[PDB]
Amino acid sequence: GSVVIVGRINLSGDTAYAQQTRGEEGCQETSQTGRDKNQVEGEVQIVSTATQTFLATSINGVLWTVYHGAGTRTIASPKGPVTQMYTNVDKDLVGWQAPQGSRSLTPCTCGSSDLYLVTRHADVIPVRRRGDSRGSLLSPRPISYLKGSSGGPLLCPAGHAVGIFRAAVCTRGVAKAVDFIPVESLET
Ligand SMILES: C=C[C@@H]1C[C@]1(NC(=O)[C@@H]1C[C@@H](Oc2nccc3cc(OC)ccc23)CN1C(=O)[C@@H](NC(=O)OC(C)(C)C)C(C)(C)C)C(=O)NS(=O)(=O)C1CC1
Ligand SMILES: [Zn+2]
């Protein structure tokens, strides 16, 4: 089946919030047909297959997410299932042409090390960047709370895209840091 948009994380106001646009059955039906006519908007989508839910983020006109979420699946669209335009399984990165109605986050030109991770729960978590693909959590979270948030953006103070959340750094059974795909690698 296809990956289906089932919600979004709205980042337009000073406070992020999640919006659900499809329920469980609708998700499963839409995955099977690959036909999705729902209006798209915003930069961060909540996406789901029959068995996994995670995030997708539009940057550079491409809707990006993680391979360990989407596999090589098509995404449901107004015209039926659409094949991936980008697939790098080793980087854990896939992408489709962004849906009409979506907006892309602008890649960060700040070089800021003060980052913010956007989760599927709309928790925007402070993160200190340490390297090209790593930053430390500045507020404690369990691995379990971050699960389902892969594919979500790391933002800089200005709301620019710094990276895509790929994996959590687990130390002594809790989330200590995040591993992310740098926006510089999201080349079209
Ligand atoms: C808590 C949340 C994290 C963000 C989240 N990602 C994970 O669960 C990821 C998935 C898997 O990693 C990787 N797979 C494939 C290729 C990879 C290529 C890489 O690089 C090219 C690096 C990692 C890779 C294991 N993993 C970890 O994060 C693991 N961490 C990990 O591997 O950390 C390293 C990378 C520092 C070793 C962990 C924490 C399970 C032990 C998530 O929410 N997923 S999800 O639930 O949405 C789900 C799609 C449905
Ligand atoms: Zn910036």
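- Its PDB header attributes the entry to X-ray crystallography and lists the resolution as 1.62 Å.

**Here's the deal with the overall build of the protein chain**
Right, on to step 1. On a plain count of helices and strands, the protein chain comes out with three helices and 13 strands.
Right, on to step 2. Relative to its length of 188 residues, the protein chain is compact, with a C-alpha radius of gyration of 15 Å against a globular reference of 16 Å.
Right, on to step 3. Dimensions of the protein chain, computed from the C-alpha atoms along their principal axes, are close to 40 × 35 × 35 Å.
Right, on to step 4. Each of the 188 residues in the protein chain was classed as buried or not, and the buried ones make up 49%.
Right, on to step 5. Here the analysis covers contacts within the protein chain between residues at least 6 apart in sequence; of these, 59% occur between residues at least 24 apart.
Right, on to step 6. In the form shown here, the protein chain has an accessible surface area of approximately 9,000 Å², with 45% of it arising from carbon and sulfur atoms.
Right, on to step 7. For the protein chain, the separation between the mean place of its 18 positive charges and that of its 15 negative charges on side chains is 3 Å.

**Quick notes on the site of ligand 1**
Right, on to step 1. What surrounds ligand 1 is a group of 18 residues, the closest being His68, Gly148, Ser150, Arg166 and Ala168.
Right, on to step 2. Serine 150 places a polar side-chain atom, nitrogen or oxygen, 2.7 Å from an oxygen atom of ligand 1.
Right, on to step 3. A distance of 2.8 Å separates an oxygen atom of ligand 1 from a polar backbone atom of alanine 168.
Right, on to step 4. The element contributing the most residues to the shell around ligand 1 is strand β12 (residues 161-171), with four residues.
Right, on to step 5. Residue-level mapping places the shell around ligand 1 at the junction of two domains, with at least three residues from each of domain 1 (1-105) and domain 2 (106-188).

**Some words on the pairing of β12**
Right, on to step 1. Examined bridge by bridge, strand β11 (residues 153-155) and β12 share three bridges and lie antiparallel to one another. From the neighbouring strand, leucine 154 faces β12, where its bridge partner is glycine 163.
Right, on to step 2. If you look at the hairpin formed by β11 and β12, you'll find five residues sitting between the two strands, and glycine 159 has a positive phi there, around 85°.
Right, on to step 3. Looking at chain direction, β12 and strand β13 (residues 174-182) are connected through eight bridges and run antiparallel. In the sheet register, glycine 163 faces β13, and the bridge partner there is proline 182.
Right, on to step 4. The hairpin formed by β12 and β13 contains two residues between the paired strands, and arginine 172 there has a positive phi angle of roughly 55°.

**As for the coordination of the zinc ion (ligand 2)**
Right, on to step 1. Donor atoms from the polypeptide that coordinate the zinc ion (ligand 2) comprise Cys108 (SG), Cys110 (SG) and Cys156 (SG), at 2.2 to 2.4 Å from the metal.
Right, on to step 2. For the zinc ion (ligand 2), the donor residues sit on a single chain with the sequence spacing C-x1-C-x45-C. Here the residue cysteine 108 occupies a position in the loop between β7 (93-97) and β8 (114-118), and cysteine 156 occupies one in the loop between β11 and β12, the gap between them amounting to 48 residues. In this structure, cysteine 108 and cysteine 156 share a single accessibility class: buried.

**Some details on the environment of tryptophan 96**
Right, on to step 1. Within the fold, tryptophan 96 resides in strand β7.
Right, on to step 2. Linking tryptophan 96 and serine 58, residues 38 residues apart in sequence, is a C-alpha distance of 9.2 Å.
Right, on to step 3. Leaving out residues up to four positions away in the same chain, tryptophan 96 has contacts with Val3, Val62, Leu63, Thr65, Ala70, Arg73, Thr74, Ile75, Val82, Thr83, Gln84 and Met85.

**Here's the deal with the UniProt feature "binding site: Zn(2+) 2" (unreviewed entry) in the protein chain**
Right, on to step 1. Under the present numbering, the feature "binding site: Zn(2+) 2" (unreviewed entry) in UniProt falls on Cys108, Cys110, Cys156 and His160. Annotated residues spanning 53 residues; largest pairwise C-alpha distance 8.4 Å, indicating a single compact cluster.
Right, on to step 2. Setting aside residues up to four positions removed in sequence, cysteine 108 forms contacts with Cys156, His160, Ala161 and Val162.
Right, on to step 3. For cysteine 156, a relative accessible area of 2% gives the class buried.
Right, on to step 4. Residue contacts for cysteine 156: discarding those within four places in its chain leaves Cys108, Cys110, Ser112, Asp114, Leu115, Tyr116 and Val162.

**What about unusual backbone geometry?**
Right, on to step 1. For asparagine 60, which is not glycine, the phi dihedral falls at a positive 65°.
Right, on to step 2. Structurally, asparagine 60 is set in the loop between β4 (53-59) and β5 (62-66).

What counts, and where the lines are drawn
- Residues numbered from 1 in each chain as written, not as in the entry; some residues may be left out.
- Chains lettered and ligands numbered in written order.
- Heavy atoms only, no water.
- Helix = DSSP H or I, 4+ residues; strand = E, 2+ residues; numbered from the N terminus.
- Rg over C-alpha atoms; globule rule 2.2 N^0.38 Å.
- Buried < 20%, exposed > 50% of the residue type's maximum accessible area, 1.4 Å probe, protein only.
- Contact = heavy atoms within 4.5 Å.
- Areas by Shrake-Rupley, 256 points an atom, 1.4 Å probe, with all protein chains shown as cover.
- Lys, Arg positive; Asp, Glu negative; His and termini not counted.
- Charge placed at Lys NZ, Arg CZ, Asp CG, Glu CD.
- Near = heavy atom within 4 Å.
- Polar contact = N/O pair within 3.5 Å; in protein donor to acceptor, adjacent residues only side chain to side chain.
- Domains from an automatic or database assignment.
- Pairing = 2+ DSSP bridges.
- Donors = N, O, S within 2.8 Å, 3.2 Å for Na, K, Ca; no water.
- UniProt positions renumbered as here; feature names shortened; annotations may be inferred.

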